[PDB]
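With PDB, N, CA and C atoms inside, this is entry21.pdb:
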ATOM      1  N   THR A   1      97.821  83.571  88.293  1.00  0.00           N
ATOM      2  CA  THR A   1      97.242  84.926  88.350  1.00  0.00           C
ATOM      3  C   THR A   1      96.889  85.281  89.790  1.00  0.00           C
ATOM      4  N   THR A   2      97.703  86.133  90.398  1.00  0.00           N
ATOM      5  CA  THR A   2      97.480  86.548  91.773  1.00  0.00           C
ATOM      6  C   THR A   2      96.787  87.911  91.816  1.00  0.00           C
ATOM      7  N   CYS A   3      95.640  87.948  92.466  1.00  0.00           N
ATOM      8  CA  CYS A   3      94.821  89.149  92.512  1.00  0.00           C
ATOM      9  C   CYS A   3      94.592  89.603  93.953  1.00  0.00           C
ATOM     10  N   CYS A   4      94.982  90.833  94.248  1.00  0.00           N
ATOM     11  CA  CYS A   4      94.786  91.410  95.561  1.00  0.00           C
ATOM     12  C   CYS A   4      94.558  92.907  95.402  1.00  0.00           C
ATOM     13  N   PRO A   5      93.650  93.497  96.183  1.00  0.00           N
ATOM     14  CA  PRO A   5      93.314  94.908  96.083  1.00  0.00           C
ATOM     15  C   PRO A   5      93.939  95.779  97.186  1.00  0.00           C
ATOM     16  N   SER A   6      95.195  95.531  97.551  1.00  0.00           N
ATOM     17  CA  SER A   6      95.814  96.301  98.614  1.00  0.00           C
ATOM     18  C   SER A   6      97.326  96.257  98.528  1.00  0.00           C
ATOM     19  N   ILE A   7      97.923  97.425  98.701  1.00  0.00           N
ATOM     20  CA  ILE A   7      99.367  97.576  98.730  1.00  0.00           C
ATOM     21  C   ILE A   7      99.914  96.937  99.994  1.00  0.00           C
ATOM     22  N   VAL A   8      99.078  96.918 101.021  1.00  0.00           N
ATOM     23  CA  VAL A   8      99.479  96.426 102.330  1.00  0.00           C
ATOM     24  C   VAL A   8      99.352  94.909 102.374  1.00  0.00           C
ATOM     25  N   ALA A   9      98.473  94.382 101.532  1.00  0.00           N
ATOM     26  CA  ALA A   9      98.287  92.944 101.427  1.00  0.00           C
ATOM     27  C   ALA A   9      99.321  92.351 100.476  1.00  0.00           C
ATOM     28  N   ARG A  10      99.431  92.951  99.292  1.00  0.00           N
ATOM     29  CA  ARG A  10     100.391  92.551  98.289  1.00  0.00           C
ATOM     30  C   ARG A  10     101.820  92.509  98.836  1.00  0.00           C
ATOM     31  N   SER A  11     102.169  93.484  99.668  1.00  0.00           N
ATOM     32  CA  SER A  11     103.512  93.572 100.227  1.00  0.00           C
ATOM     33  C   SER A  11     103.832  92.354 101.089  1.00  0.00           C
ATOM     34  N   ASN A  12     103.069  92.154 102.159  1.00  0.00           N
ATOM     35  CA  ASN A  12     103.351  91.056 103.082  1.00  0.00           C
ATOM     36  C   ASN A  12     103.169  89.709 102.381  1.00  0.00           C
ATOM     37  N   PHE A  13     102.358  89.714 101.329  1.00  0.00           N
ATOM     38  CA  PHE A  13     102.172  88.546 100.467  1.00  0.00           C
ATOM     39  C   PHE A  13     103.497  88.107  99.844  1.00  0.00           C
ATOM     40  N   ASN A  14     104.141  89.014  99.110  1.00  0.00           N
ATOM     41  CA  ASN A  14     105.407  88.697  98.452  1.00  0.00           C
ATOM     42  C   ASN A  14     106.529  88.538  99.477  1.00  0.00           C
ATOM     43  N   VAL A  15     106.431  89.262 100.587  1.00  0.00           N
ATOM     44  CA  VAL A  15     107.409  89.134 101.665  1.00  0.00           C
ATOM     45  C   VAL A  15     107.344  87.738 102.292  1.00  0.00           C
ATOM     46  N   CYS A  16     106.164  87.128 102.278  1.00  0.00           N
ATOM     47  CA  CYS A  16     105.983  85.807 102.853  1.00  0.00           C
ATOM     48  C   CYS A  16     106.655  84.743 101.979  1.00  0.00           C
ATOM     49  N   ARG A  17     106.763  85.037 100.694  1.00  0.00           N
ATOM     50  CA  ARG A  17     107.351  84.115  99.729  1.00  0.00           C
ATOM     51  C   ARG A  17     108.879  84.100  99.837  1.00  0.00           C
ATOM     52  N   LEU A  18     109.430  85.125 100.472  1.00  0.00           N
ATOM     53  CA  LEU A  18     110.856  85.304 100.569  1.00  0.00           C
ATOM     54  C   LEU A  18     111.539  84.243 101.459  1.00  0.00           C
ATOM     55  N   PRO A  19     111.074  84.024 102.714  1.00  0.00           N
ATOM     56  CA  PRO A  19     111.711  83.066 103.634  1.00  0.00           C
ATOM     57  C   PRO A  19     111.521  81.607 103.213  1.00  0.00           C
ATOM     58  N   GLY A  20     110.724  81.387 102.183  1.00  0.00           N
ATOM     59  CA  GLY A  20     110.490  80.039 101.719  1.00  0.00           C
ATOM     60  C   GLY A  20     109.079  79.567 101.985  1.00  0.00           C
ATOM     61  N   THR A  21     108.149  80.503 102.079  1.00  0.00           N
ATOM     62  CA  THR A  21     106.763  80.165 102.276  1.00  0.00           C
ATOM     63  C   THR A  21     106.038  80.325 100.960  1.00  0.00           C
ATOM     64  N   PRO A  22     105.305  79.303 100.550  1.00  0.00           N
ATOM     65  CA  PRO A  22     104.552  79.330  99.313  1.00  0.00           C
ATOM     66  C   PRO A  22     103.561  80.475  99.312  1.00  0.00           C
ATOM     67  N   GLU A  23     103.689  81.342  98.327  1.00  0.00           N
ATOM     68  CA  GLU A  23     102.730  82.417  98.107  1.00  0.00           C
ATOM     69  C   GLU A  23     101.313  81.854  98.084  1.00  0.00           C
ATOM     70  N   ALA A  24     101.185  80.601  97.663  1.00  0.00           N
ATOM     71  CA  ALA A  24      99.912  79.900  97.718  1.00  0.00           C
ATOM     72  C   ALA A  24      99.390  79.823  99.156  1.00  0.00           C
ATOM     73  N   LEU A  25     100.256  79.444 100.099  1.00  0.00           N
ATOM     74  CA  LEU A  25      99.867  79.386 101.501  1.00  0.00           C
ATOM     75  C   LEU A  25      99.602  80.794 102.028  1.00  0.00           C
ATOM     76  N   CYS A  26     100.514  81.712 101.729  1.00  0.00           N
ATOM     77  CA  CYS A  26     100.406  83.088 102.207  1.00  0.00           C
ATOM     78  C   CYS A  26      99.149  83.762 101.650  1.00  0.00           C
ATOM     79  N   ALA A  27      98.795  83.426 100.408  1.00  0.00           N
ATOM     80  CA  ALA A  27      97.595  83.958  99.749  1.00  0.00           C
ATOM     81  C   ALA A  27      96.351  83.635 100.536  1.00  0.00           C
ATOM     82  N   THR A  28      96.340  82.432 101.040  1.00  0.00           N
ATOM     83  CA  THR A  28      95.214  81.909 101.796  1.00  0.00           C
ATOM     84  C   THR A  28      95.049  82.675 103.112  1.00  0.00           C
ATOM     85  N   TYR A  29      96.134  83.291 103.560  1.00  0.00           N
ATOM     86  CA  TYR A  29      96.111  84.117 104.756  1.00  0.00           C
ATOM     87  C   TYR A  29      95.689  85.549 104.429  1.00  0.00           C
ATOM     88  N   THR A  30      96.284  86.117 103.390  1.00  0.00           N
ATOM     89  CA  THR A  30      96.023  87.482 103.006  1.00  0.00           C
ATOM     90  C   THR A  30      94.619  87.688 102.440  1.00  0.00           C
ATOM     91  N   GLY A  31      94.131  86.710 101.688  1.00  0.00           N
ATOM     92  CA  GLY A  31      92.880  86.880 100.979  1.00  0.00           C
ATOM     93  C   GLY A  31      93.118  87.128  99.505  1.00  0.00           C
ATOM     94  N   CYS A  32      94.321  87.600  99.183  1.00  0.00           N
ATOM     95  CA  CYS A  32      94.749  87.729  97.800  1.00  0.00           C
ATOM     96  C   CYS A  32      94.750  86.358  97.148  1.00  0.00           C
ATOM     97  N   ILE A  33      93.912  86.177  96.149  1.00  0.00           N
ATOM     98  CA  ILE A  33      93.712  84.856  95.570  1.00  0.00           C
ATOM     99  C   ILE A  33      94.651  84.603  94.396  1.00  0.00           C
ATOM    100  N   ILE A  34      94.997  83.341  94.194  1.00  0.00           N
ATOM    101  CA  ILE A  34      95.790  82.937  93.044  1.00  0.00           C
ATOM    102  C   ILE A  34      94.972  82.010  92.162  1.00  0.00           C
ATOM    103  N   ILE A  35      94.568  82.533  91.026  1.00  0.00           N
ATOM    104  CA  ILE A  35      93.693  81.830  90.115  1.00  0.00           C
ATOM    105  C   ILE A  35      94.395  81.554  88.791  1.00  0.00           C
ATOM    106  N   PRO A  36      93.981  80.490  88.096  1.00  0.00           N
ATOM    107  CA  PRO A  36      94.526  80.130  86.782  1.00  0.00           C
ATOM    108  C   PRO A  36      94.334  81.237  85.750  1.00  0.00           C
ATOM    109  N   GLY A  37      93.082  81.519  85.432  1.00  0.00           N
ATOM    110  CA  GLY A  37      92.772  82.541  84.463  1.00  0.00           C
ATOM    111  C   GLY A  37      92.114  83.729  85.113  1.00  0.00           C
ATOM    112  N   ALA A  38      91.150  84.316  84.414  1.00  0.00           N
ATOM    113  CA  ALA A  38      90.382  85.442  84.925  1.00  0.00           C
ATOM    114  C   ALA A  38      91.279  86.637  85.180  1.00  0.00           C
ATOM    115  N   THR A  39      91.586  87.350  84.109  1.00  0.00           N
ATOM    116  CA  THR A  39      92.402  88.547  84.196  1.00  0.00           C
ATOM    117  C   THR A  39      91.702  89.621  85.025  1.00  0.00           C
ATOM    118  N   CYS A  40      92.063  89.681  86.289  1.00  0.00           N
ATOM    119  CA  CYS A  40      91.532  90.675  87.212  1.00  0.00           C
ATOM    120  C   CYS A  40      91.844  92.093  86.734  1.00  0.00           C
ATOM    121  N   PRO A  41      90.910  93.035  86.959  1.00  0.00           N
ATOM    122  CA  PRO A  41      91.073  94.432  86.550  1.00  0.00           C
ATOM    123  C   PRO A  41      92.115  95.186  87.378  1.00  0.00           C
ATOM    124  N   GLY A  42      92.226  96.483  87.113  1.00  0.00           N
ATOM    125  CA  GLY A  42      93.307  97.278  87.664  1.00  0.00           C
ATOM    126  C   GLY A  42      93.134  97.644  89.127  1.00  0.00           C
ATOM    127  N   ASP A  43      92.116  97.095  89.782  1.00  0.00           N
ATOM    128  CA  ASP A  43      91.916  97.340  91.202  1.00  0.00           C
ATOM    129  C   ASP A  43      92.252  96.079  91.976  1.00  0.00           C
ATOM    130  N   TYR A  44      92.290  94.962  91.259  1.00  0.00           N
ATOM    131  CA  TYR A  44      92.673  93.693  91.847  1.00  0.00           C
ATOM    132  C   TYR A  44      94.105  93.357  91.449  1.00  0.00           C
ATOM    133  N   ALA A  45      94.705  94.263  90.686  1.00  0.00           N
ATOM    134  CA  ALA A  45      96.092  94.133  90.260  1.00  0.00           C
ATOM    135  C   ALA A  45      96.999  94.994  91.131  1.00  0.00           C
ATOM    136  N   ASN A  46      96.487  95.378  92.295  1.00  0.00           N
ATOM    137  CA  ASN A  46      97.229  96.221  93.233  1.00  0.00           C
ATOM    138  C   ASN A  46      98.163  95.369  94.081  1.00  0.00           C
TER     139      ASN A  46
END
Go ahead and express the file in the form of structure tokens.
Amino acid sequence: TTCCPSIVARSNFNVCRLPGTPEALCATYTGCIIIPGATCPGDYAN
């Protein structure tokens, strides 16, 4: 469950996963967190 509240964060987040960088690592940079559960609301689903 990846939660981020920004179109500008979410974008470079998924873009980081493209060249072969773990979204897990990139998440730690963006601030967009990847959690097991906890269904984030529609503002953290951006």
Report the distance between atom CA of residue 21 of chain A and atom CA of residue 43 of chain A in Å, rounded to one decimal place.
->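 Interatomic distance, atom CA of residue 21 of chain A to atom CA of residue 43 of chain A: 25.3 Å.
Proximity to residue 41 of chain A at 12 Å, evaluated using only C-alpha atoms and with sequence-adjacent residues fewer than 4 positions away removed, yields residues 1, 2, 3, 4, 5, 45 and 46 of chain A.
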A:39, A:27, A:44, A:33 ranked by distance to residue 7 of chain A, top pick (using only C-alpha atoms) =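 Among the listed residues, the smallest separation from residue 7 of chain A belongs to A:44.
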Excluding same-chain residues fewer than 3 positions from residue 30 of chain A, what lies within 7 Å of it counting only C-alpha atoms, as an MDAnalysis selection string?
-> chainID A and resid 9 13 26:27
Restricted to N, CA and C atoms, what would the selected residues look like written as a PDB file, keeping the file's coordinate frame?
ATOM      1  N   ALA A   9      98.473  94.382 101.532  1.00  0.00           N
ATOM      2  CA  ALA A   9      98.287  92.944 101.427  1.00  0.00           C
ATOM      3  C   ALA A   9      99.321  92.351 100.476  1.00  0.00           C
ATOM      4  N   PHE A  13     102.358  89.714 101.329  1.00  0.00           N
ATOM      5  CA  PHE A  13     102.172  88.546 100.467  1.00  0.00           C
ATOM      6  C   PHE A  13     103.497  88.107  99.844  1.00  0.00           C
ATOM      7  N   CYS A  26     100.514  81.712 101.729  1.00  0.00           N
ATOM      8  CA  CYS A  26     100.406  83.088 102.207  1.00  0.00           C
ATOM      9  C   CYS A  26      99.149  83.762 101.650  1.00  0.00           C
ATOM     10  N   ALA A  27      98.795  83.426 100.408  1.00  0.00           N
ATOM     11  CA  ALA A  27      97.595  83.958  99.749  1.00  0.00           C
ATOM     12  C   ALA A  27      96.351  83.635 100.536  1.00  0.00           C
TER      13      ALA A  27
END
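For chain A, the set of residues given strand (DSSP E or B) by DSSP on the backbone reads residues 2, 3, 4, 33, 34 and 45 of chain A.
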One-decimal distance in Å that lies between atom C of residue 31 of chain A and atom N of residue 17 of chain A |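 Atom-to-atom, atom N of residue 17 of chain A and atom C of residue 31 of chain A are spaced 13.9 Å apart.
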What is the distance between atom CA of residue 19 of chain A and atom CA of residue 38 of chain A, in Å to one decimal?
-> 28.5 Å
Draw an axis-aligned box over all listed atoms of segment 39-46 of chain A, pad each side with 5 Å, and write its centre and edge lengths in Å, one decimal, as lines of an AutoDock Vina configuration file.
center_x = 94.5
center_y = 92.5
center_z = 89.1
size_x = 17.3
size_y = 20.3
size_z = 20.0
Give me every alpha helix (DSSP H) residue in chain A, going by DSSP on the backbone, as a PDB file with N, CA and C atoms, in the frame of the given file.
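Result written to part17.pdb:
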ATOM      1  N   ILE A   7      97.923  97.425  98.701  1.00  0.00           N
ATOM      2  CA  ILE A   7      99.367  97.576  98.730  1.00  0.00           C
ATOM      3  C   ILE A   7      99.914  96.937  99.994  1.00  0.00           C
ATOM      4  N   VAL A   8      99.078  96.918 101.021  1.00  0.00           N
ATOM      5  CA  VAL A   8      99.479  96.426 102.330  1.00  0.00           C
ATOM      6  C   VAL A   8      99.352  94.909 102.374  1.00  0.00           C
ATOM      7  N   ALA A   9      98.473  94.382 101.532  1.00  0.00           N
ATOM      8  CA  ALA A   9      98.287  92.944 101.427  1.00  0.00           C
ATOM      9  C   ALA A   9      99.321  92.351 100.476  1.00  0.00           C
ATOM     10  N   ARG A  10      99.431  92.951  99.292  1.00  0.00           N
ATOM     11  CA  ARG A  10     100.391  92.551  98.289  1.00  0.00           C
ATOM     12  C   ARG A  10     101.820  92.509  98.836  1.00  0.00           C
ATOM     13  N   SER A  11     102.169  93.484  99.668  1.00  0.00           N
ATOM     14  CA  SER A  11     103.512  93.572 100.227  1.00  0.00           C
ATOM     15  C   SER A  11     103.832  92.354 101.089  1.00  0.00           C
ATOM     16  N   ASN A  12     103.069  92.154 102.159  1.00  0.00           N
ATOM     17  CA  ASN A  12     103.351  91.056 103.082  1.00  0.00           C
ATOM     18  C   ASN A  12     103.169  89.709 102.381  1.00  0.00           C
ATOM     19  N   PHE A  13     102.358  89.714 101.329  1.00  0.00           N
ATOM     20  CA  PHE A  13     102.172  88.546 100.467  1.00  0.00           C
ATOM     21  C   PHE A  13     103.497  88.107  99.844  1.00  0.00           C
ATOM     22  N   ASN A  14     104.141  89.014  99.110  1.00  0.00           N
ATOM     23  CA  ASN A  14     105.407  88.697  98.452  1.00  0.00           C
ATOM     24  C   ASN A  14     106.529  88.538  99.477  1.00  0.00           C
ATOM     25  N   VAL A  15     106.431  89.262 100.587  1.00  0.00           N
ATOM     26  CA  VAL A  15     107.409  89.134 101.665  1.00  0.00           C
ATOM     27  C   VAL A  15     107.344  87.738 102.292  1.00  0.00           C
ATOM     28  N   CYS A  16     106.164  87.128 102.278  1.00  0.00           N
ATOM     29  CA  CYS A  16     105.983  85.807 102.853  1.00  0.00           C
ATOM     30  C   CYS A  16     106.655  84.743 101.979  1.00  0.00           C
ATOM     31  N   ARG A  17     106.763  85.037 100.694  1.00  0.00           N
ATOM     32  CA  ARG A  17     107.351  84.115  99.729  1.00  0.00           C
ATOM     33  C   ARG A  17     108.879  84.100  99.837  1.00  0.00           C
ATOM     34  N   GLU A  23     103.689  81.342  98.327  1.00  0.00           N
ATOM     35  CA  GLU A  23     102.730  82.417  98.107  1.00  0.00           C
ATOM     36  C   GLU A  23     101.313  81.854  98.084  1.00  0.00           C
ATOM     37  N   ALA A  24     101.185  80.601  97.663  1.00  0.00           N
ATOM     38  CA  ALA A  24      99.912  79.900  97.718  1.00  0.00           C
ATOM     39  C   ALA A  24      99.390  79.823  99.156  1.00  0.00           C
ATOM     40  N   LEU A  25     100.256  79.444 100.099  1.00  0.00           N
ATOM     41  CA  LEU A  25      99.867  79.386 101.501  1.00  0.00           C
ATOM     42  C   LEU A  25      99.602  80.794 102.028  1.00  0.00           C
ATOM     43  N   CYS A  26     100.514  81.712 101.729  1.00  0.00           N
ATOM     44  CA  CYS A  26     100.406  83.088 102.207  1.00  0.00           C
ATOM     45  C   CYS A  26      99.149  83.762 101.650  1.00  0.00           C
ATOM     46  N   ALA A  27      98.795  83.426 100.408  1.00  0.00           N
ATOM     47  CA  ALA A  27      97.595  83.958  99.749  1.00  0.00           C
ATOM     48  C   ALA A  27      96.351  83.635 100.536  1.00  0.00           C
ATOM     49  N   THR A  28      96.340  82.432 101.040  1.00  0.00           N
ATOM     50  CA  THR A  28      95.214  81.909 101.796  1.00  0.00           C
ATOM     51  C   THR A  28      95.049  82.675 103.112  1.00  0.00           C
ATOM     52  N   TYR A  29      96.134  83.291 103.560  1.00  0.00           N
ATOM     53  CA  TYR A  29      96.111  84.117 104.756  1.00  0.00           C
ATOM     54  C   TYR A  29      95.689  85.549 104.429  1.00  0.00           C
ATOM     55  N   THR A  30      96.284  86.117 103.390  1.00  0.00           N
ATOM     56  CA  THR A  30      96.023  87.482 103.006  1.00  0.00           C
ATOM     57  C   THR A  30      94.619  87.688 102.440  1.00  0.00           C
TER      58      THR A  30
END
Residue nearest residue 6 of chain A among A:24, A:32, A:18, A:40 (counting all atoms listed in the file) |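 Ranking A:24, A:32, A:18, A:40 by distance to residue 6 of chain A, first place goes to A:32.
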